[PDB]
Amino acid sequence: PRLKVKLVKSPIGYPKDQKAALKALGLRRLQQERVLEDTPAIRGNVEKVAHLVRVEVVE
Amino acid sequence: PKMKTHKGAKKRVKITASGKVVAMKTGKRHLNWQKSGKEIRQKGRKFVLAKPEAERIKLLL
Amino acid sequence: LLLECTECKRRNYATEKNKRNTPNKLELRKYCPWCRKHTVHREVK
Amino acid sequence: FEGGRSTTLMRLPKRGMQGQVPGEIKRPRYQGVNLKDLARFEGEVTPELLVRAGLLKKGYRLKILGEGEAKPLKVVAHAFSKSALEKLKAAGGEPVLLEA
Amino acid sequence: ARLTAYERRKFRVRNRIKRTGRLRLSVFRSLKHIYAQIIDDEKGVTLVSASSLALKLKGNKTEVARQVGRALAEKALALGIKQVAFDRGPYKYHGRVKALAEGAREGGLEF
Amino acid sequence: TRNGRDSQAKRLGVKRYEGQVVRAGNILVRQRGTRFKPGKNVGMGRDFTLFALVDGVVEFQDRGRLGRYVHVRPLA
RNA sequence: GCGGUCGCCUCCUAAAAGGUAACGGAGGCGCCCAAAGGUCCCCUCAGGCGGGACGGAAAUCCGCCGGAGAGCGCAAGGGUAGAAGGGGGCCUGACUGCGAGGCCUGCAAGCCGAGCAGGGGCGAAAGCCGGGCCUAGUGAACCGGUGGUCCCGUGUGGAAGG
RNA sequence: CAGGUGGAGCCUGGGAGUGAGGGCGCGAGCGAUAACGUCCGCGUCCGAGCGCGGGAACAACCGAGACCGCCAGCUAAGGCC
RNA sequence: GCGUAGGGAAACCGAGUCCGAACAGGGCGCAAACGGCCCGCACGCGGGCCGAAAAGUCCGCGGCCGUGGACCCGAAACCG
Ligand SMILES: [Mg+2]
Ligand SMILES: [Mg+2]
Ligand SMILES: [Mg+2]
Ligand SMILES: [Mg+2]
Ligand SMILES: [Mg+2]
Ligand SMILES: [Mg+2]
Ligand SMILES: [Mg+2]
Ligand SMILES: [Mg+2]
Ligand SMILES: [Mg+2]
Ligand SMILES: [Mg+2]
Ligand SMILES: [Mg+2]
Ligand SMILES: [Mg+2]
Ligand SMILES: [Mg+2]
Ligand SMILES: [Mg+2]
Ligand SMILES: [Mg+2]
Ligand SMILES: [Mg+2]
Ligand SMILES: [Mg+2]
Ligand SMILES: [Mg+2]
Ligand SMILES: [Mg+2]
Ligand SMILES: [Mg+2]
Ligand SMILES: [Mg+2]
Ligand SMILES: [Mg+2]
Ligand SMILES: [Mg+2]
Ligand SMILES: [Mg+2]
Ligand SMILES: [Mg+2]
Ligand SMILES: [Mg+2]
Ligand SMILES: [Mg+2]
Ligand SMILES: [Mg+2]
Ligand SMILES: [Mg+2]
Ligand SMILES: [Mg+2]
Ligand SMILES: [Mg+2]
Ligand SMILES: [Mg+2]
Ligand SMILES: [Mg+2]
Ligand SMILES: [Mg+2]
Ligand SMILES: [Mg+2]
Ligand SMILES: [Mg+2]
Ligand SMILES: [Mg+2]
Ligand SMILES: [Mg+2]
Ligand SMILES: [Mg+2]
Ligand SMILES: [Mg+2]
Ligand SMILES: [Mg+2]
Ligand SMILES: [Mg+2]
Ligand SMILES: [Mg+2]
Ligand SMILES: [Mg+2]
Ligand SMILES: [Mg+2]
Ligand SMILES: [Mg+2]
Ligand SMILES: [Mg+2]
Ligand SMILES: [Mg+2]
Ligand SMILES: [Mg+2]
Ligand SMILES: [Mg+2]
Ligand SMILES: [Mg+2]
Ligand SMILES: [Mg+2]
Ligand SMILES: [Mg+2]
Ligand SMILES: [Mg+2]
Ligand SMILES: [Mg+2]
Ligand SMILES: [Mg+2]
Ligand SMILES: [Mg+2]
Ligand SMILES: [Mg+2]
Ligand SMILES: [Mg+2]
Ligand SMILES: [Mg+2]
Ligand SMILES: [Mg+2]
Ligand SMILES: [Mg+2]
Ligand SMILES: [Mg+2]
Ligand SMILES: [Mg+2]
Ligand SMILES: [Mg+2]
Ligand SMILES: [Mg+2]
Ligand SMILES: [Mg+2]
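Residue numbers (PDB author numbering), protein chains in the order written: chain AX, 2 to 60; chain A8, 2 to 62; chain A6, 9 to 53; chain AO, 51 to 150; chain AQ, 2 to 112; chain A3, 10 to 85.
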């Protein structure tokens with residue numbers, strides 16, 4: 002049940018370990034969407050930046 | 002002019018085959034009326050680390 | 009009182025330490041030499 | 051220079067015997083050359099020849115050492131290693147030097 | 002009055018033994034009889050039993066002990082067991098406790 | 010002021026946690042009293058310092074009344 | 001500037017790993033012990049109540065109750081009677097030659113340490129012993145003193161001196 | 001033990017500069033539950049983003065990381081007499 | 001001159017050496033890289049060959065360091 006994550010709020014001014022997650026996902030720019038395997042590990046970072054990202058469920 | 006070997010260094014340090022700098026061990030000949038025999042005995046040579054790089058550089062020659 | 013007690017031939021001098029005026033005797037006790045093995049060992053200098 | 055603190059001129063020389071004022075004491079210096087090294091020669095081998103070859107060095111006396119395999123030749127030197135004297139006694143012959 | 006010279010001395014000597022790692026030759030002696038048990042800790046298990054009340058013998062309990070002493074060897078040594086420690090619990094190494102130990106000869110031992 | 014002193018932090022504590030692979034020698038706990046007691050294959054030095062006696066892995070044991078224990082269960 | 005401070009140990013500050021600053025809050029070290037050391041064997045406190053000549057709050061004794069609030073040479077902390085505390089017997093391992101592996105760590109240091117060998121101590125034995133319940137009681141190098149020992153000994157044997 | 005290919009990590013080496021930080025938030029000490037005070041801790045930005053939008057103006061609050069061009073479009077904070 | 005041997009304060013020994021009573025242990029040290037052509041059994045071998053490459057060394061160039069005024073300018077001063 003792949004996930005569609007999309008950077009919507011800048012991490013300028015958020016902890017470094019949060020910029021790390023946005024990386025662990027592969028998100029580099031605002032508005033960028035990325036569809037990843039819905040797994041526990043991949044969800045960890047997605048919910049860590051839950052305040053900067055917008056998540057949708059996809060095929 | 003020709004560089005000069007540092008006689009202070011030459012008198013108390015040795016460079017090994019692989020370029021290690023081997024010095025004696027400090028603190029064993031002056032105040033040992035009783036340190037542990039283990040203490041006074043553990044005085045062979047040791048290896049200086051990443052700063053014999055400097056000692057090496059004043060013997061070169 | 010810094011103390012350096014020895015053996016009984018070829019000297020030796022395996023030094024120890026007796027602090028006070030008692031023990032004040034010869035201050036000797038059985039010890040082991042680097043040479044042969046286990047001898048008397050007395051106190052001096 | 052370490053900025054004012056004592057440097058590592060704080061270790062004590064061991065190499066005791068640093069020399070005294072009349073100077074270095076003259077004495078025979080021996081240089082070792084290995085068996086593997088002179089395996090290239092066939093004929094003689096003298097401490098003299100071994101300089102020309104580029105192994106001996108003129109200021110030193112000759113001593114052949116172990117590492118390497120021996121050869122059936124007549125090897126002239128000032129000293130032989132235990133291991134070396136044996137290694138070649140099983141093949142060739144060798145004199146000891148001490149003249150003049 | 003919590004714990005007693007008995008219970009104490011018991012642990013004291015028995016705790017030391019259980020450190021060395023060997024199999025325990027535990028000795029319980031009563032007024033009438035004297036029993037012996039080879040235990041393995043960490044497995045919480047006994048291997049070789051040897052009582053006097055189980056060998057229905059009598060007549061001078063210092064001499065009985067030694068018998069149940071030699072009895073423990075035989076039964077045990079036949080199971081591979083050779084080297085062991087020897088409890089002794091609350092009892093001073095003496096009399097019939099020492100006796101049984103002296104009987105434990107013909108089997109590993111060192112005691 | 011009459012104060013102003015203190016001593017060097019002694020960096021005490023556990024050095025190997027449960028399920029860590031160690032080696033004969035590895036010191037497992039640095040402590041003052043006997044906060045942890047030497048278990049299976051675990052020595053303890055004159056300063057109450059616990060170390061592996063053999064190689065293997067590290068496991069802890071809370072024997073309640075009997076205190077806490079560090080064991081080095083072999084695998085070697 | 002004046003005053004105070006300067007290294008080491010303990011506690012807190014320190015935000016539940018480690019670490020962490022201030023002329024932040026408080027204490028302590030510059031020793032000590034031939035037994036206050038090793039081993040084997042035994043023993044268990046402080047208090048509270050009752051009882052008992054001189055005995056009084058408290059000297060020594062008996063009874064019950066008493067899990068540690070006692071003790072552990074001195075600060076504090078941690079630890080601890082299933083002893084590290086109290087008593088005695090022998091003893092001196094307050095060993096020599098080493099040291100796997102680690103703790104800590106900028107360097108240099110500081111720390112713990114199984115095991116092997118020599119020769120020992122206590123123990124029936126298993127075993128323990130390379131000082132002390134632990135963490136302060138400390139000083140790189142240079143220059144010399146002292147006792148050894150092989151080693152070098154300026155033509156050579158010595159000697160001087162290393 | 002897994003995911004994670006990243007101006008990630010590790011090893012050996014050549015060259016450095018820095019060793020005067022500052023604001024803010026949170027957690028404490030000092031101070032007076034004073035200071036644009038002071039001293040630490042964990043974060044962040046300014047430092048070096050005195051480039052851009054908002055905050056009237058304003059290094060560090062909000063938004064947002066400026067390769068270049070466009071008389072195109074959607075938005076963020078903030079706004080729409 | 002550098003390199004081809006190191007270990008030791010040294011005597012000295014040497015692929016070892018030093019500490020040591022040690023035939024413990026440890027410190028510091030030694031260990032020829034490829035292809036392919038030859039042969040001992042054939043798919044390598046085992047050792048050799050043919051030349052690729054290389055320890056090393058030599059010159060040039062560049063970074064940096066040591067010594068020299070050592071990136072440039074500047075004292076108050078000191079001495080003849
Ligand atoms: Mg922001
Ligand atoms: Mg001491
Ligand atoms: Mg000595
Ligand atoms: Mg100074
Ligand atoms: Mg402070
Ligand atoms: Mg502290
Ligand atoms: Mg818990
Ligand atoms: Mg003053
Ligand atoms: Mg902490
Ligand atoms: Mg009472
Ligand atoms: Mg009373
Ligand atoms: Mg009364
Ligand atoms: Mg207490
Ligand atoms: Mg105290
Ligand atoms: Mg306490
Ligand atoms: Mg306490
Ligand atoms: Mg006692
Ligand atoms: Mg005693
Ligand atoms: Mg080590
Ligand atoms: Mg110290
Ligand atoms: Mg002490
Ligand atoms: Mg000087
Ligand atoms: Mg002298
Ligand atoms: Mg001297
Ligand atoms: Mg001579
Ligand atoms: Mg002369
Ligand atoms: Mg002479
Ligand atoms: Mg002299
Ligand atoms: Mg002399
Ligand atoms: Mg992985
Ligand atoms: Mg980087
Ligand atoms: Mg690097
Ligand atoms: Mg560099
Ligand atoms: Mg500074
Ligand atoms: Mg500063
Ligand atoms: Mg600061
Ligand atoms: Mg900062
Ligand atoms: Mg900051
Ligand atoms: Mg401002
Ligand atoms: Mg708030
Ligand atoms: Mg403020
Ligand atoms: Mg400020
Ligand atoms: Mg913030
Ligand atoms: Mg600046
Ligand atoms: Mg700005
Ligand atoms: Mg930035
Ligand atoms: Mg401006
Ligand atoms: Mg502006
Ligand atoms: Mg504006
Ligand atoms: Mg602005
Ligand atoms: Mg960009
Ligand atoms: Mg852009
Ligand atoms: Mg629009
Ligand atoms: Mg809006
Ligand atoms: Mg408006
Ligand atoms: Mg050279
Ligand atoms: Mg040589
Ligand atoms: Mg040399
Ligand atoms: Mg010798
Ligand atoms: Mg020798
Ligand atoms: Mg050897
Ligand atoms: Mg080696
Ligand atoms: Mg070439
Ligand atoms: Mg070349
Ligand atoms: Mg220059
Ligand atoms: Mg000028
Ligand atoms: Mg003049």
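Each residue gets a CB set at the ideal place from its N, CA and C atoms; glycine is no exception.
When the alpha-carbon of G96 (chain AQ) is set against those of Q38 (chain AQ), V28 (chain AQ), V46 (chain AQ), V85 (chain AQ), the nearest one is in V28 (chain AQ).
The criterion of a C-beta distance shorter than 8 Å is not satisfied by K33 (chain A6) and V48 (chain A6). Contacts with chain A8 at 8 Å (Cβ-Cβ) do not include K33 (chain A6). Of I40 (chain AQ), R71 (chain AQ), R30 (chain AQ), the smallest CA-CA separation from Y94 (chain AQ) is found for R30 (chain AQ).
Comparing C-alpha distances from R106 (chain AQ) to each of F87 (chain AQ), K33 (chain AQ), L58 (chain AQ) shows the shortest one belongs to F87 (chain AQ).
Close partners of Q35 (chain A8) in chain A6 (Cβ separation under 8 Å): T23, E24, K25. Taking each of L62 (chain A8), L61 (chain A8), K26 (chain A8), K52 (chain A8) in turn and checking the Cα distance to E52 (chain AO), the smallest one comes out for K52 (chain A8). Per DSSP, the continuous beta strand (DSSP E) segment holding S50 (chain AQ) begins and ends at 46-50. If the five residues before and after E149 (chain AO) are omitted, its C-beta is found closer than 6 Å to no C-beta atom of its own chain. Remark: the shortest separation between the CB of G38 (chain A8) and any heavy atom of ligand 3 falls under 7 Å. From the beta-carbon of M4 (chain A8), no residue of chain AO is found nearer than 8 Å; the closest lies around 17 Å away. The Cβ atoms of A51 (chain AQ) and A72 (chain AQ) sit closer than 8 Å to each other. Three or more beta-carbon pairs separated by less than 8 Å are not found between the stretch 4-12 of chain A8 and the stretch 31-50 of chain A8, which leaves the two stretches without contact.
Cβ atoms of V36 (chain AX) and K5 (chain AX) come within 8 Å of each other, at about 5 Å.
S133 (chain AO) sits in a helix when the DSSP states are folded into three classes. Exclusion of the five residues before and after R41 (chain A3) leaves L21, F57 as the residues of its chain whose Cβ lies within less than 8 Å of its Cβ. Taking 8 Å as the threshold, the shortest C-beta distance from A24 (chain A8) to chain AO falls below it. Secondary structure at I58 (chain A8): coil, using DSSP grouped into helix, strand and coil.
For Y80 (chain AO), the enclosing beta strand (DSSP E) covers residues 80-84. Contacts between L10 (chain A6) and chain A8, judged by CB atoms closer than 8 Å, involve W34 in chain order. In the structure shown, the three-state DSSP call for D71 (chain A3) is strand. DSSP, read as helix, strand or coil, puts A102 (chain AQ) in helix.
Taking 8 Å as the cut-off between beta carbons, none of the residues of the stretch 109-127 of chain AO comes near chain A8. For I40 (chain AQ), the enclosing beta strand (DSSP E) starts and ends at 35-41. Scanning its chain for C-beta atoms nearer than 8 Å, with the 5 sequence neighbours on each side dropped, one finds around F60 (chain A3) the residues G34, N35, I36, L37, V51, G52, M53, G54, in chain order. Separation of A24 (chain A8) and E35 (chain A6) (C-alpha to C-alpha, rounded to the nearest whole angstrom) is 39 Å. Residue pairing by DSSP leaves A18 (chain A8) without any beta bridge partner. Within its own chain, the residues whose Cβ lies closer than 8 Å to the Cβ of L99 (chain AO), once the five positions on either side in sequence are excluded, are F91, listed in chain order.
Boundaries for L26 (chain AX): no beta strand (DSSP E) harbours it, while the alpha helix (DSSP H) harbouring it runs 17-26, taken from the DSSP string.
DSSP places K5 (chain AX) inside the beta strand (DSSP E), whose first and last residues are 4-8. At a C-beta separation below 7 Å, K12 (chain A8) has these neighbours in chain AO: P63, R65, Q68. Residue pairing for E57 (chain AX): DSSP places it in a beta bridge opposite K5 (chain AX). Cβ-Cβ distances below 6 Å link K44 (chain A8) to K26, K29 in the same chain, with the five nearest sequence neighbours on each side left out; the list follows chain order.
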